Amino acid sequence: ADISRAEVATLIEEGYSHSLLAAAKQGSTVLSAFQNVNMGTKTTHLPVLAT
Amino acid sequence: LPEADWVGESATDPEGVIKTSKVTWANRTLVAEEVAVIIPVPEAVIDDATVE
């Protein structure tokens, strides 16, 4: 007979590390690629030349 | 070169034993040998020559 690792139970504790717990966030492409128009209401009309 | 191995923790299982291994050496030799030449000349030719 002998004392295994299972025989000592929770006299052996398991540790924790947050060294893999990070994620860099990525913003939208279109809000950096193009002009951000500040709107004050739901609809803005923009006339364009058409013919 | 010796070889290590991964060992299990069990007291009964064959994978639980640490394996034996060895380091070895060999020999190389320096062995000295002669290389030589003899050049003969007339002594009158040594005396008559303008160079040493």
Side-chain angles (χ1 to χ4, degrees):
Chain A
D2 59 273
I3 303 181
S4 70
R5 184 172 291 275
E7 252 76 62
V8 305
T10 49
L11 295 177
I12 291 174
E13 299 174 6
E14 300 186 335
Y16 294 92
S17 180
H18 297 332
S19 63
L20 294 176
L21 188 75
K25 310 311 187 305
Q26 298 296 340
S28 79
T29 320
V30 301
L31 295 177
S32 58
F34 302 125
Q35 188 188 8
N36 302 334
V37 173
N38 188 90
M39 302 175 74
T41 182
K42 184 175 179 183
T43 305
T44 290
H45 291 278
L46 306 97
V48 298
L49 185 71
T51 289
Chain B
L1 311 179
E3 297 192 321
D5 203 3
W6 300 100
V7 63
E9 195 163 35
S10 300
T12 298
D13 195 284
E15 299 182 12
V17 314
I18 301 169
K19 291 171 187 175
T20 57
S21 197
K22 63 180 179 186
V23 194
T24 88
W25 294 260
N27 147 91
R28 306 294 169 244
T29 51
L30 283 169
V31 188
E33 289 279 302
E34 272 179 321
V35 59
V37 64
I38 295 174
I39 301 101
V41 63
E43 191 164 25
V45 169
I46 292 168
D47 292 337
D48 293 344
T50 52
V51 298
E52 295 186 341

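Note that these values count all heavy atoms, side chains included, but never hydrogens, waters or copies made by symmetry. Numbers restart at 1 for each chain; the letters A, B, ... are given by sequence-line order, proteins then strands.
Taking all atoms of both residues into account, the shortest heavy-atom contact from B:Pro2 to B:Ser21 is CA-OG, 3.5 Å.
The salt bridge (charged side-chain N to carboxylate O under 4.0 Å, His left out) test applied to B:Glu9 returns A:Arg5, not counting sequence neighbours. Considering only residues two or more places apart in sequence or on other chains, A:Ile3 meets the side-chain contact (heavy atoms from CB on, under 4.5 Å) condition with A:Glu7, A:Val8.
The hydrophobic cluster around B:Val7 extends to B:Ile18, counting ILVMFWY residues whose side-chain heavy atoms fall within less than 4.5 Å of a member. When hydrophobic residues (I, L, V, M, F, W, Y) are linked wherever their side-chain heavy atoms come within less than 4.5 Å, the members clustered with B:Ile39 are B:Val37.
Looking only at side-chain heavy atoms (C-beta outward), A:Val30 and A:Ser28 come within less than 4.5 Å of each other.
Distance check, rounded to the nearest 0.5 Å: OG1 of A:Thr51 to CG of A:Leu49 gives 7.5 Å.
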When the side chains of residues 10-17 of chain A are checked against the rest of the protein, which donor-acceptor pairs come out under 3.5 Å, sequence neighbours left out?
| residue | atom | partner | partner atom | Å |
| --- | --- | --- | --- | --- |
| A:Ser17 | OG | A:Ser19 | N | 3.3 |
| A:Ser17 | OG | A:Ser19 | OG | 3.0 |

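Residue pairs meeting the salt bridge (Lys or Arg N to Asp or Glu O under 4.0 Å) criterion with at least one member in residues 15-34 of chain B, sequence neighbours excluded, are B:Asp5-B:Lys19.
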